[PDB]
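*Asks:* Dropping a structure here in structure tokens format, bear with me for questions.
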2 protein chains.
Amino acid sequence: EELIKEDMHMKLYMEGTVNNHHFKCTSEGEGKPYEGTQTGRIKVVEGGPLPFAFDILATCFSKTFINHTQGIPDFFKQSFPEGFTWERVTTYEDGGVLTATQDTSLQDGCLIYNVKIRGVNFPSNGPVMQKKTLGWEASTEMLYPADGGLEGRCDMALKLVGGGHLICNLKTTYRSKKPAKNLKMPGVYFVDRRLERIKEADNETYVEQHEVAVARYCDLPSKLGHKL
Amino acid sequence: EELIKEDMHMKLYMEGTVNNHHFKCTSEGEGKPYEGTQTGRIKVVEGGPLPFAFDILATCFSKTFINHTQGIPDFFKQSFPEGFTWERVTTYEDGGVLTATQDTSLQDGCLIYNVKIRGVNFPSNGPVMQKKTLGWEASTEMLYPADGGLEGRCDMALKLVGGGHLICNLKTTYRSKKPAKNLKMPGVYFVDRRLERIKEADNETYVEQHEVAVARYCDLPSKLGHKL
């Protein structure tokens with residue numbers, strides 16, 4: 001955590017496939033890890049233009065930049081210098097499935113991300129393959145300790161050209177590369193986010209994204225103590 | 001909404017099956033619809049004792065009692081006197097699937113609920129059929145307008161004897177019995193809840209449950225206006 005400063009930069013490398021279309025991306029950005037804000041500027045550097053909506057890649061581009069306040073133990077910031085990994089399956093209600101695995105490390109004061117994606121069964125006439133999406137609504141992820149790490153569960157709503165939504169479900173496992181001895185685990189908690197597309201160009205082969213993410217425990221009264 | 005007073009009572013009838021076990025329940029309770037709090041006292045009146053954890057029925061026992069503040073249009077309170085319905089499928093990560101359909105009406109100043117449940121494929125040696133559960137964690141449901149009504153998506157964590165969790169996903173459709181002409185629809189929003197078992201007796205054939213539920217829009221700054 002002393003390694004995670006008030007301002008920090010990131011660099012990312014990504015490779016993957018979605019329905020038999022291969023691609024690679026890179027990004028660089030910066031943010032304020034304790035305020036929960038960050039910006040990523042992303043280039044598709046192989047396989048552009050992608051034949052699918054860039055939106056389905058948005059959550060692959062940063063858990064160190066969540067505002068955990070001084071009250072919630074921060075699994076992610078605590079993991080440095082060793083870092084941590086995440087592994088996710090996102091399931092779309094029209095059948096698309098996107099798996100992703102990620103490594104986060106700290107090198108020369110810069111966060112370094114390496115992400116690998118594999119998506120299949122996106123319907124050819126669906127909004128993702130037809131590029132009829134308009135970004136994500138805000139969301140809430142529930143995180144809970146499981147087997148020495150954290151698991152996350154989140155349902156997200158993708159805005160559609162024409163006004164509807166297409167929903168997906170995210171199941172994520174977060175694992176620290178630091179021994180359990182050295183981690184204070186949080187209880188069950190929540191991260192509220194708003195991830196927004198700020199800019200794009202050349203048929204989505206350049207995209208700028210911003211996220212704000214703030215953690216909380218449930219602050220509702222408890223009748224089991226306590227309790228308002 | 002003038003029909004929904006600061007204190008209101010409820011009565012419920014429930015019938016269903018879970019893995020070839022038939023049962024019926026009734027409940028009666030009261031709450032403060034604008035404060036988002038309620039209590040239900042529930043009896044298993046046929047098929048008791050149930051061979052499964054009562055916890056899987058908990059979310060079948062009340063959307064009128066959500067605190068929507070004065071800022072979020074309240075789909076549920078607006079629906080009266082006609083009322084509304086909900087239909088849900090809850091999918092457990094170990095394979096159990098529970099479908100439920102519900103009618104809410106207002107009769108003589110009392111809310112009346114009629115619920116029908118059908119659950120299948122709960123693993124015989126799983127925590128539900130072995131009655132190794134210890135209640136639910138707090139949760140957040142995302143609600144969004146869809147096709148004249150609202151849909152909800154929520155992931156919940158069931159506490160397990162021994163310390164783990166078993167996760168499930170809830171997909172719900174809420175439909176008003178009042179014509180669209182007469183409803184102000186909310187935008188996408190969130191309901192945070194804490195549902196707690198207060199009391200139980202005679203092998204879970206009597207259960208008292210309390211819920212607190214408070215709605216919010218995402219209050220995080222937006223870089224698309226606006227924006228802190």
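Scheme for the structure tokens: letters A, B, ... for chains in order shown; per-chain residue numbers from 1; ligand numbers from 1 in order shown.
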Based on DSSP run over this structure's backbone, return all residues of segment 89-129 of chain B in strand (DSSP E), as a ChimeraX atom specification.
*Replies:* /B:89-92,97-107,110-120
*Asks:* Select residues of chain B: the criterion is any atom within 7 Å of an atom of chain A, counting only C-alpha atoms; output as number ranges by chain.
*Replies:* B: 138, 140, 146, 153-155, 164, 194, 218, 220
*Asks:* Rounded to one decimal place, report the atom CA of residue 136 of chain A-atom CA of residue 89 of chain A distance in Å.
*Replies:* 17.2 Å
*Asks:* Separation of atom CA of residue 88 of chain B and atom CA of residue 28 of chain B, in Å?
*Replies:* 21.7 Å
*Asks:* When you draw a straight line from atom CA of residue 183 of chain A to atom CA of residue 69 of chain A, how long is it in Å?
*Replies:*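 About the pair atom CA of residue 183 of chain A and atom CA of residue 69 of chain A: they are 17.0 Å apart.
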*Asks:* With distances taken over only C-alpha atoms, which of B:49, B:17, B:26, B:35 is nearest to residue 201 of chain B?
*Replies:*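 For residue 201 of chain B, the nearest of the candidates is B:49.
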*Asks:* Give me the residues near residue 22 of chain B as a ChimeraX atom specification, where near means some atom within 9 Å (using only C-alpha atoms) and where sequence neighbours in that chain fewer than 5 positions away do not count.
*Replies:* /B:15-17,46-47,50
*Asks:* With C-alpha atoms retained, could you export that selection as a JSON list (two decimals), in the first residue's frame?
*Replies:*
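Contents of out-v9.json, freshly written:
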```
[["chain", "number", "residue", "atom", "x", "y", "z"],
["B", 15, "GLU", "CA", -48.23, -23.10, -2.14],
["B", 16, "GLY", "CA", -45.49, -24.95, -3.87],
["B", 17, "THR", "CA", -43.14, -27.82, -4.34],
["B", 46, "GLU", "CA", -49.04, -28.06, 5.14],
["B", 47, "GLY", "CA", -46.10, -30.34, 4.48],
["B", 50, "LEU", "CA", -39.96, -29.03, 5.27]]
```
*Asks:* So that I can see what lies close to residue 45 of chain B, please list as a list in words the residues with an atom at most 8 Å from it, counting only C-alpha atoms and leaving out residues fewer than 4 positions away in the same chain.
*Replies:*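 Counting only C-alpha atoms, the residues come to residues 23, 24, 25, 26 and 205 of chain B.
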*Asks:* Grab the residues selected above and save them as an mmCIF file, in the first residue's frame with N, CA, C and O atoms.
*Replies:*
```cif
data_model
loop_
_atom_site.group_PDB
_atom_site.id
_atom_site.type_symbol
_atom_site.label_atom_id
_atom_site.label_comp_id
_atom_site.auth_asym_id
_atom_site.auth_seq_id
_atom_site.Cartn_x
_atom_site.Cartn_y
_atom_site.Cartn_z
ATOM 1 N N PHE B 23 -45.827 -28.280 -0.193
ATOM 2 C CA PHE B 23 -46.076 -27.549 1.041
ATOM 3 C C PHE B 23 -46.960 -26.321 0.823
ATOM 4 O O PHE B 23 -47.163 -25.877 -0.304
ATOM 5 N N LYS B 24 -47.516 -25.802 1.912
ATOM 6 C CA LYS B 24 -48.174 -24.512 1.894
ATOM 7 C C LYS B 24 -47.709 -23.720 3.097
ATOM 8 O O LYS B 24 -47.375 -24.286 4.141
ATOM 9 N N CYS B 25 -47.692 -22.406 2.935
ATOM 10 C CA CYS B 25 -47.370 -21.482 4.011
ATOM 11 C C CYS B 25 -48.380 -20.345 4.056
ATOM 12 O O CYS B 25 -49.027 -20.045 3.062
ATOM 13 N N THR B 26 -48.512 -19.719 5.215
ATOM 14 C CA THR B 26 -49.215 -18.464 5.316
ATOM 15 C C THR B 26 -48.353 -17.510 6.125
ATOM 16 O O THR B 26 -47.500 -17.924 6.896
ATOM 17 N N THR B 205 -40.998 -24.614 11.072
ATOM 18 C CA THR B 205 -42.376 -24.484 10.591
ATOM 19 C C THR B 205 -42.993 -23.176 11.082
ATOM 20 O O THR B 205 -44.083 -22.807 10.661
#
```
*Asks:* Leaving out segment 57-68 of chain A and any residue of its chain fewer than 6 positions from it, which residues lie within 9 Å of it when counting only C-alpha atoms, given as a compact mmCIF listing (two decimals) with C-alpha atoms, in the first residue's frame?
*Replies:*
```txt
# COMPACT_ATOMS: atom_id res chain seq x y z
CA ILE A 4 0.30 2.62 -4.09
CA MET A 10 -1.03 1.92 -15.58
CA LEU A 12 -1.92 -2.88 -20.14
CA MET A 14 -4.40 -7.72 -23.90
CA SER A 27 -3.73 0.76 -22.94
CA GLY A 31 -5.97 7.55 -11.78
CA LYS A 32 -6.32 8.24 -8.08
CA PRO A 33 -6.43 4.85 -6.36
CA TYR A 34 -7.79 6.17 -3.03
CA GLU A 35 -10.47 8.30 -4.68
CA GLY A 36 -11.61 5.37 -6.87
CA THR A 37 -11.17 7.13 -10.20
CA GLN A 38 -9.21 6.23 -13.32
CA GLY A 40 -7.69 4.32 -19.66
CA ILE A 42 -6.97 1.99 -25.30
CA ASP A 74 -8.31 -3.35 0.81
CA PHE A 75 -7.43 -6.79 -0.56
CA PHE A 76 -6.00 -5.24 -3.68
CA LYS A 77 -3.82 -2.45 -2.33
CA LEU A 98 -16.60 -14.18 -22.27
CA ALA A 100 -10.86 -13.50 -19.03
CA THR A 101 -7.81 -13.95 -16.89
CA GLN A 102 -5.64 -11.13 -15.66
CA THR A 104 -1.63 -7.25 -12.03
CA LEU A 111 0.91 -0.81 -12.52
CA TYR A 113 -1.78 -5.44 -16.48
CA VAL A 115 -5.11 -9.78 -19.78
CA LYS A 116 -6.20 -12.72 -21.94
CA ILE A 117 -9.77 -12.97 -23.25
CA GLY A 135 -22.34 1.65 -23.05
CA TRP A 136 -23.01 0.31 -19.57
CA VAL A 191 -18.42 -1.85 -4.84
CA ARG A 193 -19.26 1.76 -10.05
CA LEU A 195 -17.89 3.15 -16.10
CA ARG A 197 -16.96 5.80 -22.60
CA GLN A 209 -12.81 4.93 -20.69
CA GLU A 211 -14.39 4.51 -14.09
CA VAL A 212 -15.34 5.65 -10.62
CA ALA A 213 -15.55 2.88 -8.02
CA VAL A 214 -16.40 3.25 -4.32
CA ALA A 215 -16.63 0.43 -1.78
CA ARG A 216 -19.06 0.22 1.14
```
